[PDB]
Structure formats: C-alpha cells, structure tokens
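Chemist: Just one file: run.pdb, with PDB, N, CA and C atoms.
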```
MODEL        1
ATOM      1  N   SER M   1     -33.836 -17.162 -16.641  1.00  0.00           N
ATOM      2  CA  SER M   1     -34.199 -16.736 -18.027  1.00  0.00           C
ATOM      3  C   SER M   1     -33.131 -15.792 -18.593  1.00  0.00           C
ATOM      4  N   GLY M   2     -33.047 -15.687 -19.897  1.00  0.00           N
ATOM      5  CA  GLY M   2     -32.032 -14.787 -20.519  1.00  0.00           C
ATOM      6  C   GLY M   2     -32.575 -13.357 -20.568  1.00  0.00           C
ATOM      7  N   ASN M   3     -32.446 -12.625 -19.489  1.00  0.00           N
ATOM      8  CA  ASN M   3     -32.952 -11.218 -19.464  1.00  0.00           C
ATOM      9  C   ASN M   3     -31.782 -10.228 -19.461  1.00  0.00           C
ATOM     10  N   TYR M   4     -32.046  -8.989 -19.791  1.00  0.00           N
ATOM     11  CA  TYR M   4     -30.958  -7.962 -19.804  1.00  0.00           C
ATOM     12  C   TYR M   4     -31.084  -7.027 -18.589  1.00  0.00           C
ATOM     13  N   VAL M   5     -32.275  -6.876 -18.047  1.00  0.00           N
ATOM     14  CA  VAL M   5     -32.453  -5.978 -16.859  1.00  0.00           C
ATOM     15  C   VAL M   5     -31.603  -6.477 -15.682  1.00  0.00           C
ATOM     16  N   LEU M   6     -31.554  -7.774 -15.457  1.00  0.00           N
ATOM     17  CA  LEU M   6     -30.715  -8.309 -14.336  1.00  0.00           C
ATOM     18  C   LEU M   6     -29.261  -7.880 -14.555  1.00  0.00           C
ATOM     19  N   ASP M   7     -28.807  -7.932 -15.783  1.00  0.00           N
ATOM     20  CA  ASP M   7     -27.413  -7.498 -16.093  1.00  0.00           C
ATOM     21  C   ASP M   7     -27.285  -5.991 -15.845  1.00  0.00           C
ATOM     22  N   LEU M   8     -28.330  -5.245 -16.122  1.00  0.00           N
ATOM     23  CA  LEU M   8     -28.298  -3.764 -15.904  1.00  0.00           C
ATOM     24  C   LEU M   8     -28.401  -3.431 -14.410  1.00  0.00           C
ATOM     25  N   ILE M   9     -29.088  -4.250 -13.640  1.00  0.00           N
ATOM     26  CA  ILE M   9     -29.206  -3.982 -12.165  1.00  0.00           C
ATOM     27  C   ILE M   9     -27.811  -3.731 -11.573  1.00  0.00           C
ATOM     28  N   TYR M  10     -26.794  -4.313 -12.165  1.00  0.00           N
ATOM     29  CA  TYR M  10     -25.397  -4.093 -11.670  1.00  0.00           C
ATOM     30  C   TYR M  10     -25.110  -2.581 -11.614  1.00  0.00           C
ATOM     31  N   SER M  11     -25.512  -1.856 -12.634  1.00  0.00           N
ATOM     32  CA  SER M  11     -25.292  -0.378 -12.655  1.00  0.00           C
ATOM     33  C   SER M  11     -26.197   0.275 -11.608  1.00  0.00           C
ATOM     34  N   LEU M  12     -27.406  -0.222 -11.469  1.00  0.00           N
ATOM     35  CA  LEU M  12     -28.342   0.335 -10.445  1.00  0.00           C
ATOM     36  C   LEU M  12     -27.740   0.135  -9.051  1.00  0.00           C
ATOM     37  N   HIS M  13     -27.152  -1.014  -8.821  1.00  0.00           N
ATOM     38  CA  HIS M  13     -26.519  -1.294  -7.499  1.00  0.00           C
ATOM     39  C   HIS M  13     -25.279  -0.413  -7.318  1.00  0.00           C
ATOM     40  N   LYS M  14     -24.560  -0.151  -8.385  1.00  0.00           N
ATOM     41  CA  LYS M  14     -23.344   0.718  -8.285  1.00  0.00           C
ATOM     42  C   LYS M  14     -23.716   2.066  -7.664  1.00  0.00           C
ATOM     43  N   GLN M  15     -24.886   2.554  -7.979  1.00  0.00           N
ATOM     44  CA  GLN M  15     -25.348   3.852  -7.398  1.00  0.00           C
ATOM     45  C   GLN M  15     -25.624   3.655  -5.906  1.00  0.00           C
ATOM     46  N   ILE M  16     -26.319   2.597  -5.573  1.00  0.00           N
ATOM     47  CA  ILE M  16     -26.615   2.298  -4.137  1.00  0.00           C
ATOM     48  C   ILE M  16     -25.300   2.012  -3.400  1.00  0.00           C
ATOM     49  N   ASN M  17     -24.368   1.385  -4.074  1.00  0.00           N
ATOM     50  CA  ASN M  17     -23.045   1.074  -3.451  1.00  0.00           C
ATOM     51  C   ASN M  17     -22.302   2.372  -3.125  1.00  0.00           C
ATOM     52  N   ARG M  18     -22.300   3.314  -4.039  1.00  0.00           N
ATOM     53  CA  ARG M  18     -21.594   4.614  -3.791  1.00  0.00           C
ATOM     54  C   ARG M  18     -22.068   5.229  -2.468  1.00  0.00           C
ATOM     55  N   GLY M  19     -23.362   5.316  -2.271  1.00  0.00           N
ATOM     56  CA  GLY M  19     -23.895   5.892  -1.000  1.00  0.00           C
ATOM     57  C   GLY M  19     -23.637   4.909   0.147  1.00  0.00           C
ATOM     58  N   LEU M  20     -23.912   3.645  -0.066  1.00  0.00           N
ATOM     59  CA  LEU M  20     -23.679   2.622   1.003  1.00  0.00           C
ATOM     60  C   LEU M  20     -22.210   2.640   1.445  1.00  0.00           C
ATOM     61  N   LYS M  21     -21.308   2.704   0.503  1.00  0.00           N
ATOM     62  CA  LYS M  21     -19.852   2.733   0.842  1.00  0.00           C
ATOM     63  C   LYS M  21     -19.489   4.054   1.528  1.00  0.00           C
ATOM     64  N   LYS M  22     -20.052   5.146   1.077  1.00  0.00           N
ATOM     65  CA  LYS M  22     -19.748   6.473   1.705  1.00  0.00           C
ATOM     66  C   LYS M  22     -20.168   6.479   3.180  1.00  0.00           C
ATOM     67  N   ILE M  23     -21.290   5.880   3.490  1.00  0.00           N
ATOM     68  CA  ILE M  23     -21.761   5.842   4.913  1.00  0.00           C
ATOM     69  C   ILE M  23     -20.729   5.117   5.785  1.00  0.00           C
ATOM     70  N   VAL M  24     -20.245   3.990   5.328  1.00  0.00           N
ATOM     71  CA  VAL M  24     -19.218   3.230   6.109  1.00  0.00           C
ATOM     72  C   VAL M  24     -17.846   3.905   5.959  1.00  0.00           C
ATOM     73  N   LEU M  25     -17.596   4.497   4.821  1.00  0.00           N
ATOM     74  CA  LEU M  25     -16.291   5.189   4.586  1.00  0.00           C
ATOM     75  C   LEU M  25     -16.203   6.465   5.437  1.00  0.00           C
ATOM     76  N   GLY M  26     -17.315   7.123   5.662  1.00  0.00           N
ATOM     77  CA  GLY M  26     -17.303   8.373   6.477  1.00  0.00           C
ATOM     78  C   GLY M  26     -17.487   8.032   7.960  1.00  0.00           C
ATOM     79  N   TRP M  27     -18.441   7.191   8.281  1.00  0.00           N
ATOM     80  CA  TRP M  27     -18.673   6.827   9.714  1.00  0.00           C
ATOM     81  C   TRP M  27     -18.691   5.304   9.889  1.00  0.00           C
ATOM     82  N   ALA M  28     -18.327   4.831  11.063  1.00  0.00           N
ATOM     83  CA  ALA M  28     -18.312   3.356  11.341  1.00  0.00           C
ATOM     84  C   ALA M  28     -17.327   2.633  10.403  1.00  0.00           C
TER      85      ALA M  28
ENDMDL
END
```
Would you mind giving the structure from this file in structure tokens?
Modeler:
Amino acid sequence: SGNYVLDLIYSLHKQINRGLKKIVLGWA
C-alpha cells in the first residue's frame, strides 16, 4: 500500500542502527 510510516521507519531504524553499530564498533 502507499503509506508514509514505512518510509519514516528508515529514520526509526537509523536510531537503532547507531546503537547497534556502536555495540559492534566498540566490542566484537
């Protein structure tokens, strides 16, 4: 369907990515 929230989830994931990347960037 043509929704806008799915397009916005990209920004929501960017926040989760920052922490997810920091965990691997700092350890492992």
Chemist: For a test of reading the model, state the distance in Å between atom CA of residue 23 of chain M and atom CA of residue 9 of chain M, rounded to one decimal.
Modeler: 21.1 Å
Chemist: Report, in Å to a single decimal, how far apart atom N of residue 2 of chain M and atom CA of residue 16 of chain M are.
Modeler: 24.8 Å
Chemist: Tell me, in Å to one decimal, how far atom N of residue 12 of chain M is from atom CA of residue 28 of chain M.
Modeler: 24.8 Å
Chemist: List every residue of chain M that DSSP, applied to the backbone of this structure, assigns to helix (DSSP H, G or I), and report them as a PyMOL selection string.
Modeler: chain M and resi 5-26
